[PDB]
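A.B. asks: Just one file: model-v7.pdb, with PDB, C-alpha atoms.
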ATOM      1  CA  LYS A   1      96.134 101.442 122.274  1.00  0.00           C
ATOM      2  CA  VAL A   2      95.733 100.620 118.596  1.00  0.00           C
ATOM      3  CA  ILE A   3      94.749 103.617 116.468  1.00  0.00           C
ATOM      4  CA  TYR A   4      91.883 103.283 113.975  1.00  0.00           C
ATOM      5  CA  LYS A   5      91.360 106.989 113.359  1.00  0.00           C
ATOM      6  CA  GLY A   6      92.182 110.502 114.510  1.00  0.00           C
ATOM      7  CA  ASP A   7      90.206 113.527 115.682  1.00  0.00           C
ATOM      8  CA  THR A   8      86.706 113.133 114.216  1.00  0.00           C
ATOM      9  CA  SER A   9      85.896 116.802 114.795  1.00  0.00           C
ATOM     10  CA  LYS A  10      88.601 118.064 112.436  1.00  0.00           C
ATOM     11  CA  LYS A  11      88.964 117.829 108.658  1.00  0.00           C
ATOM     12  CA  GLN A  12      92.224 115.904 108.449  1.00  0.00           C
ATOM     13  CA  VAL A  13      92.636 112.376 107.113  1.00  0.00           C
ATOM     14  CA  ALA A  14      95.564 110.061 106.464  1.00  0.00           C
ATOM     15  CA  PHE A  15      96.015 108.139 103.222  1.00  0.00           C
ATOM     16  CA  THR A  16      98.073 105.037 103.936  1.00  0.00           C
ATOM     17  CA  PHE A  17      99.600 102.601 101.432  1.00  0.00           C
ATOM     18  CA  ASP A  18     100.662  99.040 102.309  1.00  0.00           C
ATOM     19  CA  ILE A  19     103.391  97.382 100.210  1.00  0.00           C
ATOM     20  CA  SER A  20     104.086  93.676 100.804  1.00  0.00           C
ATOM     21  CA  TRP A  21     105.378  92.772  97.336  1.00  0.00           C
ATOM     22  CA  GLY A  22     105.990  94.026  93.835  1.00  0.00           C
ATOM     23  CA  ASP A  23     108.206  96.085  91.539  1.00  0.00           C
ATOM     24  CA  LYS A  24     105.778  97.927  89.207  1.00  0.00           C
ATOM     25  CA  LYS A  25     102.930  99.849  90.886  1.00  0.00           C
ATOM     26  CA  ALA A  26     104.578 101.817  93.715  1.00  0.00           C
ATOM     27  CA  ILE A  27     106.694 104.144  91.565  1.00  0.00           C
ATOM     28  CA  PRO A  28     103.781 105.414  89.424  1.00  0.00           C
ATOM     29  CA  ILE A  29     101.753 105.921  92.632  1.00  0.00           C
ATOM     30  CA  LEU A  30     104.700 107.922  93.975  1.00  0.00           C
ATOM     31  CA  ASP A  31     104.857 109.954  90.746  1.00  0.00           C
ATOM     32  CA  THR A  32     101.151 110.721  91.086  1.00  0.00           C
ATOM     33  CA  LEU A  33     101.502 111.897  94.713  1.00  0.00           C
ATOM     34  CA  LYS A  34     104.386 114.162  93.711  1.00  0.00           C
ATOM     35  CA  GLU A  35     102.445 115.575  90.748  1.00  0.00           C
ATOM     36  CA  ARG A  36      99.416 116.332  92.939  1.00  0.00           C
ATOM     37  CA  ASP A  37     101.722 117.923  95.554  1.00  0.00           C
ATOM     38  CA  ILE A  38     101.345 115.311  98.319  1.00  0.00           C
ATOM     39  CA  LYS A  39     104.571 114.847 100.334  1.00  0.00           C
ATOM     40  CA  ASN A  40     103.206 113.406 103.568  1.00  0.00           C
ATOM     41  CA  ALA A  41     101.345 110.197 102.833  1.00  0.00           C
ATOM     42  CA  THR A  42     102.183 107.148 104.956  1.00  0.00           C
ATOM     43  CA  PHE A  43     103.598 103.875 103.576  1.00  0.00           C
ATOM     44  CA  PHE A  44     103.684 100.642 105.564  1.00  0.00           C
ATOM     45  CA  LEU A  45     106.392  98.365 104.218  1.00  0.00           C
ATOM     46  CA  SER A  46     107.228  94.723 104.651  1.00  0.00           C
ATOM     47  CA  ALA A  47     110.968  94.766 105.381  1.00  0.00           C
ATOM     48  CA  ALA A  48     111.558  91.567 103.405  1.00  0.00           C
ATOM     49  CA  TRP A  49     110.171  93.416 100.415  1.00  0.00           C
ATOM     50  CA  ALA A  50     112.131  96.603 101.235  1.00  0.00           C
ATOM     51  CA  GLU A  51     115.435  94.733 101.429  1.00  0.00           C
ATOM     52  CA  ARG A  52     114.810  93.489  97.852  1.00  0.00           C
ATOM     53  CA  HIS A  53     113.569  96.832  96.486  1.00  0.00           C
ATOM     54  CA  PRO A  54     115.668  99.570  98.107  1.00  0.00           C
ATOM     55  CA  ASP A  55     115.286 101.756  95.023  1.00  0.00           C
ATOM     56  CA  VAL A  56     111.578 102.072  95.774  1.00  0.00           C
ATOM     57  CA  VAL A  57     112.188 102.726  99.484  1.00  0.00           C
ATOM     58  CA  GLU A  58     114.752 105.397  98.485  1.00  0.00           C
ATOM     59  CA  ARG A  59     112.085 107.149  96.438  1.00  0.00           C
ATOM     60  CA  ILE A  60     109.519 107.093  99.262  1.00  0.00           C
ATOM     61  CA  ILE A  61     112.071 108.644 101.630  1.00  0.00           C
ATOM     62  CA  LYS A  62     113.194 111.232  99.066  1.00  0.00           C
ATOM     63  CA  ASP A  63     109.662 112.485  98.422  1.00  0.00           C
ATOM     64  CA  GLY A  64     109.026 113.071 102.121  1.00  0.00           C
ATOM     65  CA  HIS A  65     106.507 110.390 103.056  1.00  0.00           C
ATOM     66  CA  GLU A  66     106.277 108.721 106.446  1.00  0.00           C
ATOM     67  CA  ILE A  67     107.278 105.023 106.611  1.00  0.00           C
ATOM     68  CA  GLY A  68     105.830 102.459 108.972  1.00  0.00           C
ATOM     69  CA  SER A  69     106.782  98.837 109.530  1.00  0.00           C
ATOM     70  CA  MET A  70     104.816  95.712 108.542  1.00  0.00           C
ATOM     71  CA  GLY A  71     107.374  93.390 110.133  1.00  0.00           C
ATOM     72  CA  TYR A  72     109.967  91.473 108.126  1.00  0.00           C
ATOM     73  CA  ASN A  73     108.310  88.222 107.123  1.00  0.00           C
ATOM     74  CA  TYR A  74     104.779  88.572 105.775  1.00  0.00           C
ATOM     75  CA  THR A  75     103.213  86.056 108.161  1.00  0.00           C
ATOM     76  CA  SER A  76     100.525  86.733 110.771  1.00  0.00           C
ATOM     77  CA  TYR A  77     101.688  87.647 114.285  1.00  0.00           C
ATOM     78  CA  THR A  78      98.667  85.820 115.785  1.00  0.00           C
ATOM     79  CA  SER A  79     100.221  82.560 114.605  1.00  0.00           C
ATOM     80  CA  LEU A  80     103.588  83.161 116.310  1.00  0.00           C
ATOM     81  CA  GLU A  81     105.233  82.884 119.730  1.00  0.00           C
ATOM     82  CA  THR A  82     106.152  86.072 121.628  1.00  0.00           C
ATOM     83  CA  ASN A  83     109.890  85.845 120.898  1.00  0.00           C
ATOM     84  CA  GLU A  84     109.266  85.134 117.204  1.00  0.00           C
ATOM     85  CA  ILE A  85     107.273  88.374 116.932  1.00  0.00           C
ATOM     86  CA  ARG A  86     109.895  90.462 118.760  1.00  0.00           C
ATOM     87  CA  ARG A  87     112.595  89.015 116.487  1.00  0.00           C
ATOM     88  CA  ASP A  88     110.606  89.746 113.310  1.00  0.00           C
ATOM     89  CA  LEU A  89     110.145  93.344 114.417  1.00  0.00           C
ATOM     90  CA  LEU A  90     113.841  93.705 115.314  1.00  0.00           C
ATOM     91  CA  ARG A  91     114.980  92.224 111.993  1.00  0.00           C
ATOM     92  CA  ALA A  92     112.645  94.666 110.254  1.00  0.00           C
ATOM     93  CA  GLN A  93     113.974  97.737 112.123  1.00  0.00           C
ATOM     94  CA  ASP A  94     117.497  96.600 111.281  1.00  0.00           C
ATOM     95  CA  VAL A  95     116.673  96.585 107.565  1.00  0.00           C
ATOM     96  CA  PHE A  96     114.863  99.912 107.740  1.00  0.00           C
ATOM     97  CA  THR A  97     117.851 101.599 109.385  1.00  0.00           C
ATOM     98  CA  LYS A  98     120.192 100.226 106.730  1.00  0.00           C
ATOM     99  CA  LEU A  99     117.839 101.703 104.125  1.00  0.00           C
ATOM    100  CA  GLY A 100     118.083 105.082 105.872  1.00  0.00           C
ATOM    101  CA  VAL A 101     114.511 105.130 107.171  1.00  0.00           C
ATOM    102  CA  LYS A 102     113.860 107.400 110.159  1.00  0.00           C
ATOM    103  CA  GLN A 103     113.300 105.149 113.171  1.00  0.00           C
ATOM    104  CA  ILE A 104     109.963 103.365 113.115  1.00  0.00           C
ATOM    105  CA  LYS A 105     107.263 104.512 115.525  1.00  0.00           C
ATOM    106  CA  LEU A 106     104.356 102.898 113.655  1.00  0.00           C
ATOM    107  CA  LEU A 107     103.404  99.279 113.060  1.00  0.00           C
ATOM    108  CA  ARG A 108     100.812  97.656 110.833  1.00  0.00           C
ATOM    109  CA  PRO A 109     101.011  93.912 111.634  1.00  0.00           C
ATOM    110  CA  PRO A 110     101.045  91.606 108.572  1.00  0.00           C
ATOM    111  CA  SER A 111      97.455  91.042 107.295  1.00  0.00           C
ATOM    112  CA  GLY A 112      96.163  93.335 110.053  1.00  0.00           C
ATOM    113  CA  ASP A 113      96.010  90.348 112.405  1.00  0.00           C
ATOM    114  CA  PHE A 114      96.895  91.087 116.027  1.00  0.00           C
ATOM    115  CA  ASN A 115      95.746  90.305 119.571  1.00  0.00           C
ATOM    116  CA  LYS A 116      96.684  91.192 123.158  1.00  0.00           C
ATOM    117  CA  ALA A 117     100.137  89.620 122.968  1.00  0.00           C
ATOM    118  CA  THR A 118     101.039  91.529 119.806  1.00  0.00           C
ATOM    119  CA  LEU A 119     100.080  94.919 121.275  1.00  0.00           C
ATOM    120  CA  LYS A 120     102.167  94.516 124.428  1.00  0.00           C
ATOM    121  CA  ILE A 121     105.151  93.390 122.377  1.00  0.00           C
ATOM    122  CA  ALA A 122     104.662  96.367 120.075  1.00  0.00           C
ATOM    123  CA  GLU A 123     104.463  98.606 123.142  1.00  0.00           C
ATOM    124  CA  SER A 124     107.596  96.936 124.536  1.00  0.00           C
ATOM    125  CA  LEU A 125     109.396  97.900 121.318  1.00  0.00           C
ATOM    126  CA  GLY A 126     108.077 101.471 121.391  1.00  0.00           C
ATOM    127  CA  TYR A 127     105.586 101.003 118.534  1.00  0.00           C
ATOM    128  CA  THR A 128     102.050 102.282 118.064  1.00  0.00           C
ATOM    129  CA  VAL A 129      99.841  99.757 116.250  1.00  0.00           C
ATOM    130  CA  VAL A 130      97.955 101.375 113.343  1.00  0.00           C
ATOM    131  CA  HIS A 131      94.794  99.962 111.792  1.00  0.00           C
ATOM    132  CA  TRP A 132      92.321 101.911 109.624  1.00  0.00           C
ATOM    133  CA  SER A 133      88.777 103.271 109.602  1.00  0.00           C
ATOM    134  CA  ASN A 134      88.074 103.514 105.858  1.00  0.00           C
ATOM    135  CA  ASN A 135      88.967 100.539 103.644  1.00  0.00           C
ATOM    136  CA  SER A 136      89.141 101.385  99.916  1.00  0.00           C
ATOM    137  CA  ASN A 137      89.129  97.659  99.058  1.00  0.00           C
ATOM    138  CA  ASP A 138      91.533  98.585  96.264  1.00  0.00           C
ATOM    139  CA  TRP A 139      93.343  95.209  96.604  1.00  0.00           C
ATOM    140  CA  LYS A 140      90.169  93.640  95.173  1.00  0.00           C
ATOM    141  CA  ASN A 141      90.493  95.815  92.054  1.00  0.00           C
ATOM    142  CA  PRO A 142      86.729  96.466  92.006  1.00  0.00           C
ATOM    143  CA  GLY A 143      87.016  99.237  89.411  1.00  0.00           C
ATOM    144  CA  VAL A 144      88.269 102.829  89.702  1.00  0.00           C
ATOM    145  CA  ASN A 145      84.771 104.254  90.275  1.00  0.00           C
ATOM    146  CA  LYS A 146      84.191 101.765  93.090  1.00  0.00           C
ATOM    147  CA  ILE A 147      87.499 102.589  94.812  1.00  0.00           C
ATOM    148  CA  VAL A 148      86.685 106.284  94.550  1.00  0.00           C
ATOM    149  CA  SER A 149      83.089 105.951  95.804  1.00  0.00           C
ATOM    150  CA  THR A 150      83.974 103.566  98.645  1.00  0.00           C
ATOM    151  CA  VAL A 151      86.467 106.035 100.113  1.00  0.00           C
ATOM    152  CA  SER A 152      84.590 109.217  99.338  1.00  0.00           C
ATOM    153  CA  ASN A 153      81.022 108.105 100.277  1.00  0.00           C
ATOM    154  CA  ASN A 154      82.315 107.068 103.698  1.00  0.00           C
ATOM    155  CA  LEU A 155      84.859 109.834 104.209  1.00  0.00           C
ATOM    156  CA  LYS A 156      84.878 111.306 107.739  1.00  0.00           C
ATOM    157  CA  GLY A 157      87.323 113.680 109.409  1.00  0.00           C
ATOM    158  CA  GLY A 158      90.002 111.702 111.233  1.00  0.00           C
ATOM    159  CA  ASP A 159      89.821 108.788 108.772  1.00  0.00           C
ATOM    160  CA  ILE A 160      92.780 106.530 108.210  1.00  0.00           C
ATOM    161  CA  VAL A 161      92.283 105.225 104.683  1.00  0.00           C
ATOM    162  CA  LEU A 162      93.670 101.859 103.593  1.00  0.00           C
ATOM    163  CA  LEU A 163      95.088 101.754 100.062  1.00  0.00           C
ATOM    164  CA  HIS A 164      97.772  99.531  98.533  1.00  0.00           C
ATOM    165  CA  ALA A 165     100.888 100.252  96.482  1.00  0.00           C
ATOM    166  CA  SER A 166     101.865  96.603  96.000  1.00  0.00           C
ATOM    167  CA  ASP A 167     101.603  94.977  92.564  1.00  0.00           C
ATOM    168  CA  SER A 168      98.125  93.728  93.589  1.00  0.00           C
ATOM    169  CA  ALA A 169      96.950  97.328  93.206  1.00  0.00           C
ATOM    170  CA  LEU A 170      96.127  97.550  89.503  1.00  0.00           C
ATOM    171  CA  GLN A 171      93.714 100.495  89.805  1.00  0.00           C
ATOM    172  CA  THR A 172      94.947 102.518  92.795  1.00  0.00           C
ATOM    173  CA  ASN A 173      97.055 104.961  90.764  1.00  0.00           C
ATOM    174  CA  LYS A 174      94.098 105.668  88.430  1.00  0.00           C
ATOM    175  CA  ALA A 175      91.816 106.339  91.410  1.00  0.00           C
ATOM    176  CA  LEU A 176      94.345 108.478  93.273  1.00  0.00           C
ATOM    177  CA  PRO A 177      93.899 111.846  91.519  1.00  0.00           C
ATOM    178  CA  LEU A 178      90.140 111.530  92.022  1.00  0.00           C
ATOM    179  CA  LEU A 179      90.569 110.670  95.703  1.00  0.00           C
ATOM    180  CA  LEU A 180      92.944 113.614  96.222  1.00  0.00           C
ATOM    181  CA  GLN A 181      90.561 115.982  94.416  1.00  0.00           C
ATOM    182  CA  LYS A 182      87.658 114.844  96.577  1.00  0.00           C
ATOM    183  CA  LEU A 183      89.812 115.616  99.622  1.00  0.00           C
ATOM    184  CA  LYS A 184      90.801 119.114  98.518  1.00  0.00           C
ATOM    185  CA  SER A 185      87.403 120.151  97.102  1.00  0.00           C
ATOM    186  CA  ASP A 186      85.605 119.151 100.302  1.00  0.00           C
ATOM    187  CA  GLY A 187      88.103 120.904 102.578  1.00  0.00           C
ATOM    188  CA  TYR A 188      89.949 117.903 103.998  1.00  0.00           C
ATOM    189  CA  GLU A 189      93.696 117.973 104.598  1.00  0.00           C
ATOM    190  CA  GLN A 190      95.848 114.880 103.967  1.00  0.00           C
ATOM    191  CA  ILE A 191      98.387 114.396 106.773  1.00  0.00           C
ATOM    192  CA  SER A 192     100.758 111.617 107.811  1.00  0.00           C
ATOM    193  CA  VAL A 193      99.666 109.064 110.435  1.00  0.00           C
ATOM    194  CA  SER A 194     102.107 110.521 112.985  1.00  0.00           C
ATOM    195  CA  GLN A 195     100.756 114.010 112.325  1.00  0.00           C
ATOM    196  CA  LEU A 196      97.223 112.633 112.779  1.00  0.00           C
ATOM    197  CA  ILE A 197      98.086 110.889 116.049  1.00  0.00           C
ATOM    198  CA  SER A 198      99.687 113.996 117.541  1.00  0.00           C
ATOM    199  CA  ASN A 199      96.687 116.068 116.394  1.00  0.00           C
ATOM    200  CA  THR A 200      94.222 114.065 118.496  1.00  0.00           C
TER     201      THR A 200
END
Just give me the structure of the file as structure tokens.
C.D. replies:
Amino acid sequence: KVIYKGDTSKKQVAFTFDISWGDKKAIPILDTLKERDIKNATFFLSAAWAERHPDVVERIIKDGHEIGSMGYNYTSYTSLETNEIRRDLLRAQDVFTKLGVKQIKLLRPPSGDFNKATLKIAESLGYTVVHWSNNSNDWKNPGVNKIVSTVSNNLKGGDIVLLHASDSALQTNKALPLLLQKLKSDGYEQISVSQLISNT
């Protein structure tokens, strides 16, 4: 009931960007996506961050991208009671609505940590939990070439690719045109995570 990937027999993939902190890297990444004509990437946002940087959220919404939740506080759901998790998710949705975000259907739990409890809660709140199938490791800043080869050497149809647009991502923007070119030249289509889910 978590989604790791979409239809493996079709040439559609989802680039996803997590943002848990920062005020410098997301906007240039957004400028790059616009310049390369991508209007349907997916961004998972910590709502504590979003509340502090509504200008960045505004830009994500304006350019057309899908937004998913990463809760409010950036602490692991596996280390929390049931009610604490529900409350974090509710606080987050409250913030997202005030920022004008279309109602959240998608959840990426902080740090990617979840268990059985988390999933049922998420289901109780109407959320689909989203993981990934292709980790760029861009948060490690291993070099542009390494980000590009990690994603592209392993690229399969249906992939959900993990990238970051937080201020930890020093090289993601530099890698992004090369990633998008690889997609186009090899006949893959970049779609949002919701588009990918419905296309399964």
A.B. asks: Translate the PyMOL selection byres ((chain A and resi 49-58) around 12) into a concrete residue list for this structure, as a ChimeraX atom specification.
C.D. replies: /A:18-31,43-48,59-74,91-102,165-167
A.B. asks: With the file shown as input, list the residues that the PyMOL selection byres ((chain A and resi 113-127) around 9) selects, as number ranges by chain.
C.D. replies: A: 1-2, 76-78, 82, 85-86, 89-90, 104-112, 128-129
A.B. asks: Care to translate the PyMOL selection byres ((chain A and resi 140-157) around 8) into actual residues of this file, as a list in words?
C.D. replies: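 Selected by the PyMOL selection byres ((chain A and resi 140-157) around 8) in this file: residues 6, 7, 8, 9, 10, 11, 12, 13, 134, 135, 136, 137, 138, 139, 158, 159, 161, 169, 170, 171, 172, 174, 175, 178, 179, 182 and 188 of chain A.
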A.B. asks: Go ahead and save the residues from that selection, with C-alpha atoms, as a CSV table (one decimal), in the frame of the given file.
C.D. replies:
chain,number,residue,atom,x,y,z
A,6,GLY,CA,92.2,110.5,114.5
A,7,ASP,CA,90.2,113.5,115.7
A,8,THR,CA,86.7,113.1,114.2
A,9,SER,CA,85.9,116.8,114.8
A,10,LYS,CA,88.6,118.1,112.4
A,11,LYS,CA,89.0,117.8,108.7
A,12,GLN,CA,92.2,115.9,108.4
A,13,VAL,CA,92.6,112.4,107.1
A,134,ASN,CA,88.1,103.5,105.9
A,135,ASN,CA,89.0,100.5,103.6
A,136,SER,CA,89.1,101.4,99.9
A,137,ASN,CA,89.1,97.7,99.1
A,138,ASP,CA,91.5,98.6,96.3
A,139,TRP,CA,93.3,95.2,96.6
A,158,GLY,CA,90.0,111.7,111.2
A,159,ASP,CA,89.8,108.8,108.8
A,161,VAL,CA,92.3,105.2,104.7
A,169,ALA,CA,97.0,97.3,93.2
A,170,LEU,CA,96.1,97.6,89.5
A,171,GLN,CA,93.7,100.5,89.8
A,172,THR,CA,94.9,102.5,92.8
A,174,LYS,CA,94.1,105.7,88.4
A,175,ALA,CA,91.8,106.3,91.4
A,178,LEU,CA,90.1,111.5,92.0
A,179,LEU,CA,90.6,110.7,95.7
A,182,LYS,CA,87.7,114.8,96.6
A,188,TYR,CA,89.9,117.9,104.0
A.B. asks: Using all atoms listed in the file, pick whichever of A:80, A:180, A:16, A:3 has the shortest atom-to-atom distance to residue 36 (chain A).
C.D. replies: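 The answer is A:180, which sits nearest to residue 36 (chain A).
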A.B. asks: Report, in Å with one decimal, the straight-line distance from CA of residue 163 (chain A) to CA of residue 197 (chain A).
C.D. replies: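 A separation of 18.7 Å between them.
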A.B. asks: Please compute the CA of residue 84 (chain A)-CA of residue 130 (chain A) distance, one decimal, in Å.
C.D. replies: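 Computed distance, CA of residue 84 (chain A) to CA of residue 130 (chain A), equals 20.2 Å.
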A.B. asks: Extending 6 Å beyond the listed atoms of region 17-33 of chain A on each side, what axis-aligned box results? I want centre and edge lengths in Å to one decimal, as AutoDock Vina command-line options.
C.D. replies:
--center_x 103.9 --center_y 102.3 --center_z 95.8 --size_x 20.6 --size_y 31.1 --size_z 25.1
A.B. asks: Would you mind writing region 52-84 of chain A with N, CA and C atoms, as a compact mmCIF listing (two decimals), in the frame of the given file?
C.D. replies:
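Writing done, so here's out.txt:
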# COMPACT_ATOMS: atom_id res chain seq x y z
N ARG A 52 114.71 93.90 99.26
CA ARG A 52 114.81 93.49 97.85
C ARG A 52 114.56 94.64 96.88
N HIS A 53 113.87 95.68 97.34
CA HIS A 53 113.57 96.83 96.49
C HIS A 53 113.97 98.18 97.10
N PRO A 54 115.27 98.35 97.41
CA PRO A 54 115.67 99.57 98.11
C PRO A 54 115.52 100.80 97.22
N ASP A 55 115.48 100.61 95.91
CA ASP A 55 115.29 101.76 95.02
C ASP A 55 113.93 102.39 95.29
N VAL A 56 112.91 101.55 95.49
CA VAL A 56 111.58 102.07 95.77
C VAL A 56 111.53 102.75 97.15
N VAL A 57 112.10 102.11 98.16
CA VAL A 57 112.19 102.73 99.48
C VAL A 57 112.89 104.09 99.42
N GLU A 58 114.00 104.15 98.70
CA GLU A 58 114.75 105.40 98.48
C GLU A 58 113.82 106.50 98.00
N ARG A 59 112.95 106.15 97.06
CA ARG A 59 112.08 107.15 96.44
C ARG A 59 111.04 107.66 97.43
N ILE A 60 110.50 106.74 98.24
CA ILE A 60 109.52 107.09 99.26
C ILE A 60 110.14 108.09 100.25
N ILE A 61 111.35 107.78 100.71
CA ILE A 61 112.07 108.64 101.63
C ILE A 61 112.35 110.01 100.99
N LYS A 62 112.82 110.00 99.75
CA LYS A 62 113.19 111.23 99.07
C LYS A 62 112.02 112.19 98.91
N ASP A 63 110.82 111.65 98.69
CA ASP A 63 109.66 112.48 98.42
C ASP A 63 109.03 113.02 99.70
N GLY A 64 109.44 112.49 100.85
CA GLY A 64 109.03 113.07 102.12
C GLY A 64 108.04 112.27 102.95
N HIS A 65 107.58 111.14 102.41
CA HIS A 65 106.51 110.39 103.06
C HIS A 65 106.95 109.71 104.34
N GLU A 66 106.00 109.46 105.23
CA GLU A 66 106.28 108.72 106.45
C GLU A 66 106.29 107.22 106.15
N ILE A 67 107.21 106.49 106.78
CA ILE A 67 107.28 105.02 106.61
C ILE A 67 106.99 104.28 107.91
N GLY A 68 106.10 103.31 107.83
CA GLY A 68 105.83 102.46 108.97
C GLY A 68 106.24 101.04 108.66
N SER A 69 106.37 100.23 109.71
CA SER A 69 106.78 98.84 109.53
C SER A 69 105.59 97.89 109.35
N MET A 70 105.77 96.82 108.56
CA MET A 70 104.82 95.71 108.54
C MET A 70 105.54 94.42 108.92
N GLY A 71 106.54 94.54 109.78
CA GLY A 71 107.37 93.39 110.13
C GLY A 71 108.33 93.02 109.01
N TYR A 72 109.02 91.89 109.15
CA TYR A 72 109.97 91.47 108.13
C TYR A 72 109.31 90.44 107.23
N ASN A 73 109.08 89.26 107.79
CA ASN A 73 108.31 88.22 107.12
C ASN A 73 106.85 88.62 107.02
N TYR A 74 106.21 88.30 105.90
CA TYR A 74 104.78 88.57 105.78
C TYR A 74 103.95 87.38 106.25
N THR A 75 104.08 87.05 107.54
CA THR A 75 103.21 86.06 108.16
C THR A 75 102.57 86.64 109.42
N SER A 76 101.34 86.21 109.68
CA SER A 76 100.52 86.73 110.77
C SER A 76 101.16 86.57 112.15
N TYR A 77 101.15 87.65 112.93
CA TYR A 77 101.69 87.65 114.28
C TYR A 77 100.85 86.82 115.27
N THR A 78 99.57 86.61 114.94
CA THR A 78 98.67 85.82 115.78
C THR A 78 99.03 84.35 115.76
N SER A 79 99.79 83.95 114.74
CA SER A 79 100.22 82.56 114.60
C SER A 79 101.70 82.38 114.98
N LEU A 80 102.17 83.17 115.94
CA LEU A 80 103.59 83.16 116.31
C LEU A 80 103.78 83.30 117.82
N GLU A 81 104.85 82.71 118.33
CA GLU A 81 105.23 82.88 119.73
C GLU A 81 105.73 84.31 119.97
N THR A 82 105.67 84.75 121.22
CA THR A 82 106.15 86.07 121.63
C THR A 82 107.55 86.45 121.10
N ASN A 83 108.53 85.58 121.34
CA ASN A 83 109.89 85.84 120.90
C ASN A 83 110.01 85.95 119.38
N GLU A 84 109.24 85.13 118.67
CA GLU A 84 109.27 85.13 117.20
C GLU A 84 108.80 86.48 116.65
